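S.K.: what's the 3D shape of this:
(one chain, ligands or ions: 11)
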Amino acid sequence: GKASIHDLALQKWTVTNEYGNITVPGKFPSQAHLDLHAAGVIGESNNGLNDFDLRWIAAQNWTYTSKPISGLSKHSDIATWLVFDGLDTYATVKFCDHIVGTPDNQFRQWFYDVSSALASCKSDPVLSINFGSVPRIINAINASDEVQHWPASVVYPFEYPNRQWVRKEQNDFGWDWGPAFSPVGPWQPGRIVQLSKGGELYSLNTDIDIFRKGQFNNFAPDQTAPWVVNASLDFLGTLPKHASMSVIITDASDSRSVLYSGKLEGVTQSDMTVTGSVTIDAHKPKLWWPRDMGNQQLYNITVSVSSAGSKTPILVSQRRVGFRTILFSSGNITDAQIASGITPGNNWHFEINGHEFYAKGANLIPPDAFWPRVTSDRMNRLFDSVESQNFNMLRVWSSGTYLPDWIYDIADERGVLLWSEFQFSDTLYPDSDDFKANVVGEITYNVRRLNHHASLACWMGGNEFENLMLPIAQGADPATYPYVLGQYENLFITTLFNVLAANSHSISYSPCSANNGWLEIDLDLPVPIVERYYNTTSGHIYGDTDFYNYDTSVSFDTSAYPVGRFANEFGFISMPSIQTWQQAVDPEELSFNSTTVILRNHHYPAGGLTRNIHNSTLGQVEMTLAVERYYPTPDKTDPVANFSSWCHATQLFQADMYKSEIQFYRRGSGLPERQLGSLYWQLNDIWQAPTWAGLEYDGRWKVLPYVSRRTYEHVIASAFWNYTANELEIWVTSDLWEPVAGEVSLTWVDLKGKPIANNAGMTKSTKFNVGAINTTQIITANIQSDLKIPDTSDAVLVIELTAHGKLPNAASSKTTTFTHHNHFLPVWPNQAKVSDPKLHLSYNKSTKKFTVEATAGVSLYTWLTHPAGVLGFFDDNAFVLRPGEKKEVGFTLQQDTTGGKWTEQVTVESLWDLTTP
Ligand SMILES: *[C@@H]1O[C@H](CO)[C@@H](O[C@@H]2O[C@H](CO)[C@@H](O[C@@H]3O[C@H](CO[C@H]4O[C@H](CO[C@H]5O[C@H](CO)[C@@H](O)[C@H](O)[C@@H]5O[C@H]5O[C@H](CO)[C@@H](O)[C@H](O)[C@@H]5O)[C@@H](O)[C@H](O[C@H]5O[C@H](CO)[C@@H](O)[C@H](O)[C@@H]5O[C@H]5O[C@H](CO)[C@@H](O)[C@H](O)[C@@H]5O)[C@@H]4O)[C@@H](O)[C@H](O[C@@H]4O[C@H](CO)[C@@H](O)[C@H](O)[C@@H]4O[C@H]4O[C@H](CO)[C@@H](O)[C@H](O)[C@@H]4O[C@H]4O[C@H](CO)[C@@H](O)[C@H](O)[C@@H]4O)[C@@H]3O)[C@H](O)[C@H]2NC(C)=O)[C@H](O)[C@H]1NC(C)=O
Ligand SMILES: *[C@@H]1O[C@H](CO)[C@@H](O[C@@H]2O[C@H](CO)[C@@H](O[C@H]3O[C@H](CO[C@H]4O[C@H](CO[C@H]5O[C@H](CO)[C@@H](O)[C@H](O)[C@@H]5O[C@H]5O[C@H](CO)[C@@H](O)[C@H](O)[C@@H]5O)[C@@H](O)[C@H](O)[C@@H]4O)[C@@H](O)[C@H](O[C@H]4O[C@H](CO)[C@@H](O)[C@H](O)[C@@H]4O[C@H]4O[C@H](CO)[C@@H](O)[C@H](O)[C@@H]4O)[C@@H]3O)[C@H](O)[C@H]2NC(C)=O)[C@H](O)[C@H]1NC(C)=O
Ligand SMILES: *[C@@H]1O[C@H](CO)[C@@H](O[C@@H]2O[C@H](CO)[C@@H](O[C@H]3O[C@H](CO)[C@@H](O)[C@H](O)[C@@H]3O)[C@H](O)[C@H]2NC(C)=O)[C@H](O)[C@H]1NC(C)=O
Ligand SMILES: *[C@@H]1O[C@H](CO)[C@@H](O[C@@H]2O[C@H](CO)[C@@H](O)[C@H](O)[C@H]2NC(C)=O)[C@H](O)[C@H]1NC(C)=O
Ligand SMILES: *[C@@H]1O[C@H](CO)[C@@H](O)[C@H](O)[C@H]1NC(C)=O
Ligand SMILES: *[C@@H]1O[C@H](CO)[C@@H](O)[C@H](O)[C@H]1NC(C)=O
Ligand SMILES: *[C@@H]1O[C@H](CO)[C@@H](O)[C@H](O)[C@H]1NC(C)=O
Ligand SMILES: *[C@@H]1O[C@H](CO)[C@@H](O)[C@H](O)[C@H]1NC(C)=O
Ligand SMILES: *[C@@H]1O[C@H](CO)[C@@H](O)[C@H](O)[C@H]1NC(C)=O
Ligand code: NA
Ligand code: NA
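M.R.: Residues are numbered from 1 along each chain as shown. Ligands and ions are numbered 1, 2, ... in the order given. Next up is the structure itself:
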């Protein structure tokens, strides 16, 4: 009595428009834009001015129609189910010309019993799904006087308005880094399931919750307590009474190694769910740790459900899990912490297996406007870049969508923690019973689906509420504010925290991405999480920092930087490379201020459907002023080269700025705020455009990820310049869990490479001692009073740190050697009297290393550019080169279309090359 499964991917599909004039072959999973493009009806969607040009697609319905489905049993003894892991978004599901469902959530798994429609069918059944025009449907919802309305500033759009009414990826209606395609279709896998009476069941969703005995969300668990493995299985259809549950927990690496094999206790069952648990000895399982914190130990758990009077199990579910505790700490700073020197207020940090760690990473946004075309290769390449940059965490930004299982699998294997969020962003949402019920379905499904993942670090209700949107609402409408605040608590706390707490004991919660923490957490309270909000005391520090300041005059002034617990967002836009631009924009539009380049810059957004040149120009100006203030301004005779050099110059500013911020946040770990995290805005691009991204759409590295890789190293030497006071401070910051000792080399040379007399009055070398997740000031000097630099515009301090220590949880007796390369320029980069360094580049086919040598003098911001046709990244880039120093640079080759020829096409340049004709 096995379950008969037909994958909908293996069925023949046809896509039709609303007006019956367009008919193209379809795919499953897919979206209309992709099927239209594959057929040649439209060009690539990311190209030119297609954000405007392709609006006729989103403005209409698209229907996915299968050819008649063969192989289904017509025996009335058999329940036939349509199972959809994702439909985007408003759809009408027809089976044999009968409407059986009307889904309205992208983030929910939909299942419909089609047994009667099948029985009624005169011939083989046709499955059709008619996807509505989301902007039309939302406009119609808003048009009703009977629904809720908010002030203009609260529901202000990026491109399409009324997005708060739909349970669809919010950036699909446009964002300030992306287009507004509003795609529709079967965005995730789908199946037809035929179940026989008294036979095998079908697994819909499985929730595995591995926690320490007595563990509760947002509270530090007991690390000496035994492990509890709770298995809750959602299914179709009929499970008989007195159900039995057994598990086999084997090592994910070796099947032969069995952790636990036995029955589950405290079995509970309902119409479509069966739950049980097992307690395992605290000493037995090997712990999972994030990357560079130990091993990423995983286990394969297979849960078998048997019925009384059945030899074989009727339901079997498998998941890959990890034994670990992850705490998001947002409660009050304890008396013990105050006594240790920590400023009072509230926490904002993470703890892995009871250990505090410094979080390093960025914000992950969707890599494509069309989720179906995002492949395993594309995500694995992105993850290579994440690891190479020395990340331990990504913030999975809302909204955004809930990532599929396969993406979390990558993070589980690699050891990258994923700070996760519910799909609510930069606006206020309705709180009607129907909307809330739809949200509950989405939260229940995704929390249950994702709980087993070792990489899941936390759940946050939404993006930018208490720090932005709620204060906007209080200003925009003081009278309606308490009501609106009440809805926020009702949806994001009362409902959402309860749905999470019911389905997870292991994952911590925060009602939004940025807040001042909580006063109380108690499920007995009408509002379970009592938020601190603006109940603050002067001098006290609360929450994470979400900081952007576009005034370029203070970009490198640390007194302008926020003093907080954690930095979850920070950034400035930069142009992508010319190679990236060439993929989407016409050659004649390859100029800094071309109409197509401007219109693709969504900083600042249109605030509607207009071609807003004014708002977009604001971002273009910000980039221009940033270059003009600090970097050599290109003036190349070749317009192509001029555009490329200006693009590069914007990247230099972005990189250096983030570095200035990262080193400041990291140094805070040893200061009274006890800063424990840096997540820059943003990691990746959704398309070819000027954004806050470090990784371009195809994966190409900007200057930013090379500078952030170094700045995210375990032990770093950071130069802090108070330019108004003319004071230089060099600090050593370590994120290791043990103290380390080491030395920092300090070499003052002129721009020709010749040493400055008496090393400009500064010591040539200094020893250091830095504590666990702490900082130490190694140098303090006034550039005028304490130092003797003959010409500040003909001087550079080269910083080289060496330290010896151990990474957390290293078995090895052998100590790791930590090295960090940095520099200090006593003037802005545009003031440095650089001369042609006369760079020589060569590639060695055996060692797979590029040799870079500066021949005539000092080279600043030495830059290697890989051509198009190759994917990957260099082992270092944007570095200082002293003459005669032969630098070896390797390349992580991810993909090559050149047959090895790409190495001949690699170019080298420096700060000097910006100002040549
Ligand atoms: C393992 O794991 C698991 C999980 O997984 C777990 O379990 C869990 O538990 C928890 C705790 O308890 C819970 O929670 C709860 O809930 C409730 C509701 O319930 C209902 O529902 C649910 C859900 O459903 C869904 O889902 C599922 C899954 O999937 C399925 O199955 C179904 O079918 C459904 O589905 C659907 O829907 C969805 C959405 O939602 C979607 O998605 C889908 O698709 C579809 O459509 C369920 O589950 C339940 O079921 C249940 O129950 C029944 C009877 O009723 C049975 O039959 C079954 O079996 C179950 O049972 C279970 O549970 C219970 C409890 O409930 C117990 O007893 C038993 O034994 C068993 O176990 C149902 O149906 C809600 O309501 C609640 O509430 C709350 O509570 C809290 C605490 O707890 C608090 O805080 C809050 O507040 C609330 O309360 C309130 O209210 C009440 C009334 O209503 C009262 O009484 C109280 O007092 C309060 O009030 C008060 O206060 C306030 C303030 O605060 C004021 O205002 C007033 O005035 C007054 O004064 C809760 O949340 C859950 O449920 C569970 N789950 C399960 C699945 O099971 C376990 O535990 C673990 N284990 C270990 C060892 O750890
Ligand atoms: C483009 O695509 C869209 C989306 O796929 C198409 O619209 C969809 O059309 C289908 C078929 O017409 C609708 O299916 C249902 O239709 C009626 C209900 O009609 C009533 O409700 C709808 C929806 O109202 C909601 O949306 C509008 C915005 O458009 C909004 O103004 C309104 O306030 C409502 O919004 C609330 O609710 C939704 C959730 O539904 C939330 O998302 C919102 O947030 C908000 O809370 C109105 O448009 C109508 O004017 C009318 O008021 C219903 O009777 C149908 O019932 C059949 O199907 C169910 C199974 O689903 C079954 O149980 C029933 O027994 C019944 O089945 C029998 O009848 C059918 C024939 O009808 C037969 O084949 C069967 O064999 C059975 O004998 C059905 O549920 C769907 O609601 C609608 N979706 C939306 C979002 O509008 C649109 O047609 C298409 N256009 C073109 C040109 O192709
Ligand atoms: C691309 O787009 C802009 C086209 O209008 C252009 O912006 C202009 O940039 C100049 C500087 O190059 C600004 O000039 C002033 O900028 C500040 C602002 O107060 C002053 O401190 C300066 O001394 C200078 O007077 C203009 O204000 C600015 N125009 C606007 C409308 O803001 C960009 O320069 C163009 N970019 C490139 C690379 O060509
Ligand atoms: C390279 O690009 C820069 C920046 O766009 C060009 O500089 C502009 O030149 C025009 C000449 O009419 C001036 O009116 C603008 O004020 C200049 N803008 C800036 C930001 O300096 C430069 O002309 C280009 N070089 C070429 C093609 O020779
Ligand atoms: C399809 O028909 C509509 C009118 O029913 C028209 O506006 C649209 O341009 C037509 N499209 C094509 C590709 O023929
Ligand atoms: C939403 O509805 C109100 C009232 O019907 C209307 O004034 C407003 O223009 C609508 N908003 C949009 C963006 O369509
Ligand atoms: C463990 O399960 C994963 C899927 O979650 C699978 O890819 C892997 O092959 C399994 N390994 C073993 C040893 O069972
Ligand atoms: C964007 O454009 C709208 C419409 O012209 C305008 O009201 C808004 O202020 C602009 N945004 C910014 C940041 O200037
Ligand atoms: C950092 O190190 C200093 C000594 O340099 C020490 O007094 C302080 O308590 C340390 N802070 C932490 C959080 O370890
Ligand atoms: Na105080
Ligand atoms: Na944001």
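
S.K.: for residue 788, see how far away residue 748 is.
M.R.: As defined by CB to CB, to the nearest Å, residue 748 lies at a distance of 9 Å from residue 788. C-beta: built from backbone N, CA, C; applies to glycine.

S.K.: and residue 448, by the same measure?
M.R.: Shown here: residue 448 relative to residue 788, a distance of 67 Å by CB to CB.

S.K.: higher neighbour count, those two?
M.R.: Comparing residue 448 with residue 788 by other CB atoms under 10 Å, the one with more neighbours is residue 448, at 24 against 14.

S.K.: the nearest residue to the more buried one once chain neighbours are set aside sits in which helix or strand?
M.R.: Using CB to CB, 6 or more residues apart in numbering and skipping the chain neighbours, the partner closest in space to residue 448 is residue 207 (4.0 Å). For residue 207, the host element (DSSP states H and E) is strand 202-212.

S.K.: so is the top helix by length along the chain next to ligand 4?
M.R.: For the chain, the longest helix by residue count, based on DSSP state H, is helix 639-667. Yes - for helix 639-667, a contact with ligand 4 is found by CB under 6 Å from any ligand atom, at 639, 642, 646.

S.K.: can you turn the buried part of those residues into a ChimeraX selection?
M.R.: Restricted to the buried members of those, where burial is judged by 16 or more other CB atoms under 10 Å, the ChimeraX selection command reads as follows:
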select :642,646
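
S.K.: turn the residues of helix 639-667 next to ligand 4 into JSON lines, columns for distance to ligand 5.
M.R.: As requested, the residues of helix 639-667 next to ligand 4 are arranged in JSON lines below (distance: CB to the nearest ligand atom, whole Å):
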{"residue": "639", "distance to ligand 5": "37"}
{"residue": "642", "distance to ligand 5": "40"}
{"residue": "646", "distance to ligand 5": "40"}
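
S.K.: of the residues of helix 639-667 next to ligand 4, which is the nearest to residue 293?
M.R.: Minimum distance to residue 293 across the residues of helix 639-667 next to ligand 4 is 40.8 Å, recorded for residue 646 (CB to CB).

S.K.: quick one: contacts for that closest one?
M.R.: Taking CB atoms under 8 Å, 6 or more residues apart in numbering as the criterion, residue 646 is in contact with 575, 592, 627, 634.

S.K.: mind doing that once more with 10 Å?
M.R.: Under the criterion of CB atoms under 10 Å, 6 or more residues apart in numbering, the contact partners of residue 646 comprise 575, 578, 591-593, 623-624, 627, 631, 633-636, 914.

S.K.: where's residue 50 relative to residue 40, distance?
M.R.: For residue 50, the distance to residue 40 under the criterion CB to CB works out to 15 Å.

S.K.: hang on, residue 472 packs against residue 156?
M.R.: Yes - at 9.0 Å, residue 472 and residue 156 qualify as touching, with contact defined as CB atoms under 10 Å.

S.K.: joint contacts of the two?
M.R.: Counting by CB under 10 Å, 6+ apart, the residues touching both residue 472 and residue 156 are 150, 426-427.

S.K.: most neighbours of all those, which one?
M.R.: Across the shared contacts of residue 472 and residue 156, the neighbour count under other CB under 10 Å reaches its highest value at residue 427, namely 22 neighbours.

S.K.: my guess is that one contacts residue 166. True?
M.R.: No - taking contacts as CB under 10 Å, residue 427 lies outside contact range of residue 166: 11.7 Å.

S.K.: before we move on, the earlier item: the strand holding residue 207 packs against which elements?
M.R.: strand 78-84, strand 190-196, strand 227-236, strand 273-280, strand 299-306, strand 315-321, helix 433-450 (3 or more CB pairs under 10 Å, 6 or more residues apart in numbering; DSSP states H and E).

S.K.: am I right that residue 890 is in a strand?
M.R.: Yes - assessed with DSSP: H, G, I helix; E, B strand; the rest coil, residue 890 lies in a strand.

S.K.: quick one: buried residues of stretch 586-602?
M.R.: With burial defined by 16+ other CB under 10 Å, the residues of stretch 586-602 counted as buried are 589-592, 594, 596-602.

S.K.: what's the closest of those to residue 897?
M.R.: Distance to residue 897 across these (CB to CB) is lowest for residue 590, with 22.1 Å.

S.K.: how close does the closest one get to ligand 5?
M.R.: 31 Å (CB to the nearest ligand atom, to the nearest Å).

S.K.: likewise residue 458?
M.R.: Distance from residue 458 to ligand 5, counting by CB to the nearest ligand atom: 48 Å.

S.K.: and the strand or helix carrying that residue, C-alpha only, in PDB?
M.R.: Secondary structure here is read from DSSP H and E; on that basis residue 458 sits in strand 456-460. Included here for strand 456-460 are C-alpha records, laid out as PDB according to Å, rounded to 0.1, in the frame of the first residue of the first chain:
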ATOM      1  CA  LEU A 456      19.100  28.700  12.300                       C
ATOM      2  CA  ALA A 457      20.300  31.300  14.800                       C
ATOM      3  CA  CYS A 458      17.100  33.100  15.800                       C
ATOM      4  CA  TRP A 459      13.700  34.300  14.400                       C
ATOM      5  CA  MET A 460      12.800  38.100  14.200                       C
END
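
S.K.: quick check: phi and psi at the residue nearest to residue 61 when sequence neighbours are not counted.
M.R.: Spatial nearest neighbour of residue 61, excluding adjacent residues (CB to CB, 6+ apart): residue 18 at 4.3 Å. Phi and psi for residue 18, reported as degrees, to the nearest 10, are phi -60, psi -40.

S.K.: pretty sure residue 18 sits against residue 130.
M.R.: Yes - in this structure, residue 18 sits in contact with residue 130. The criterion is CB under 10 Å, and the distance is 9.0 Å.

S.K.: for the residue positioned nearest the centre of the chain, give me its contacts.
M.R.: Against the mean C-alpha coordinate of the chain, by CA atoms, centre = their mean, the closest residue is residue 364 at 1.9 Å. Residue 364 is in contact with 382, 386, 393-397, 400, 403, 407, 411, 416, 418-419, 679, 682-684, 695, counting by CB under 10 Å, 6+ apart.

S.K.: any idea how far residue 322 is from it?
M.R.: As judged by CB to CB, residue 364 and residue 322 stand 20 Å apart.

S.K.: please apply the same query to residue 374.
M.R.: When distance is defined by CB to CB, residue 374 is 24 Å away from residue 322.

S.K.: can you check residue 171 too?
M.R.: Taking CB to CB as the measure, residue 171 and residue 322 are separated by 30 Å.

S.K.: out of the two, which sits in the more crowded spot?
M.R.: Between residue 171 and residue 322, counted using other CB under 10 Å, residue 171 has the larger neighbour count: 26 against 23.

S.K.: helix, strand or coil: sort out that one for me.
M.R.: helix.

S.K.: how about residue 833?
M.R.: Remark: residue 833 carries the secondary structure label coil [criterion: three-state DSSP].

S.K.: verify the stated contact: it with residue 794.
M.R.: Yes - with the criterion set as CB under 10 Å, residue 833 and residue 794 qualify as a contacting pair; they are 4.8 Å apart.

S.K.: shared neighbours, those two?
M.R.: With contacts taken as CB under 10 Å, 6+ apart, the residues that reach both residue 833 and residue 794 are 750-752, 827.

S.K.: in JSON lines, list the residues you listed along with secondary structure.
M.R.: Shown next, in JSON lines, are the shared contacts of residue 833 and residue 794 (three-state DSSP):
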{"residue": "750", "secondary structure": "coil"}
{"residue": "751", "secondary structure": "coil"}
{"residue": "752", "secondary structure": "coil"}
{"residue": "827", "secondary structure": "coil"}
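
S.K.: taking the residues you listed, please make a ChimeraX selection of just the buried ones.
M.R.: Filtering these down to the buried ones (16+ other CB under 10 Å) takes a single ChimeraX command:
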select :750,751,827
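
S.K.: can I get the shared contacts of residue 833 and residue 794 in TSV with distance to residue 868?
M.R.: As requested, these are arranged in TSV below (distance: CB to CB, whole Å):
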residue	distance to residue 868
750	38
751	33
752	36
827	36
